[PDB]
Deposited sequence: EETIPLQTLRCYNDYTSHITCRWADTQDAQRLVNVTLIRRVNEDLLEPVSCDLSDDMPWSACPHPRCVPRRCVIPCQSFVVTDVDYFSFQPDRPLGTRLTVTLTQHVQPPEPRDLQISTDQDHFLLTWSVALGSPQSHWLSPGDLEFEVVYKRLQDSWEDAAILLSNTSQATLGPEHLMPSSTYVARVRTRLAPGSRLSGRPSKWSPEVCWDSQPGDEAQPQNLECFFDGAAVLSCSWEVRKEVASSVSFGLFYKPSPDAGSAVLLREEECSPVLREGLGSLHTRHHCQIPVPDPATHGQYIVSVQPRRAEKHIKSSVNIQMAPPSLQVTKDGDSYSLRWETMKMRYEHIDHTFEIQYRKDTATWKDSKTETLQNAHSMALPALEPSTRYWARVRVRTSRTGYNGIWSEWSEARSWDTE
């Protein structure tokens, strides 16, 4: 982006005898290189310049906290409107490098492009062209790499072609996935030329044969060569939420087992990877396994006696004299012996259950009520639950609300 010496150099003259130059350097650079100010006479003569250290930089700022300013004086006997001095910096030693390139051994073939996919049933034909007689198409060979959209490039299958197309089939692709492919051009083993391969083409992207998107997929197993067979597979996040899969394995015929525990990991935004470690205690004897991912026996055990929601009680209102009493019955349970607790509530019509007189009774079937307001409409509800050590549950829904007036 332009040396610091060259940025900081300002050379001003008295237009009679002098030129004074001021330029700087960094210490950072000087631990590696030093440079002289050089002035040049004609297309040939290049004269050194005599500078000494200056503690200041009054003509230009130096962008770097570690500058070493210079100040130099160059004698002259002449100045004319057209005069231009040309200034340079020579480094303390020769620095450089060379390479002798034999073109035939330094070929980077052009990158493929116009990458394109067409389905033919369950195969996909991948075409591309290359912009190109020193390098003929027969010098070329192509390298295609493909992976599911959710995978590293790290882990991807290659496919080689001597022409500029390849067919990808069901031996290469898993069904109902999005695949990505890319292609680069390589020199042919047979070419009289070598170098290195092109940069990759841009990516093309496509869906494989539709199949069933719910099916778990990509079941893989690898044996450590000792005592463990590690299997992994994927299933859609949404399907794992309605279905519990297990891993089951059994030796192929010469009793069928569940692998446990299964660990889980995100795999992109739609799949979960699960892993399992199958123990193999004798790979010599039983060295072929048949392994399945399939629905587990996953049950919620629900003990009836301990999950009872009784039916709501029937409720009625009674007078008898001028004192009113609430009564309530619950459906006969064949002959069960089971204590019941009831919760009883009543409302002034113009008021809210939330803030109401809510007494609670074990094994009672009525409740006498206090005296109450002149000619008001009233409401009442009851609910039951079991209340005995063999038993448990939730309240019954409320009885129908029973109205009435004074």
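The deposited chain is incompletely modelled, with C-alpha atoms absent over 133-137, 260-266, 419.
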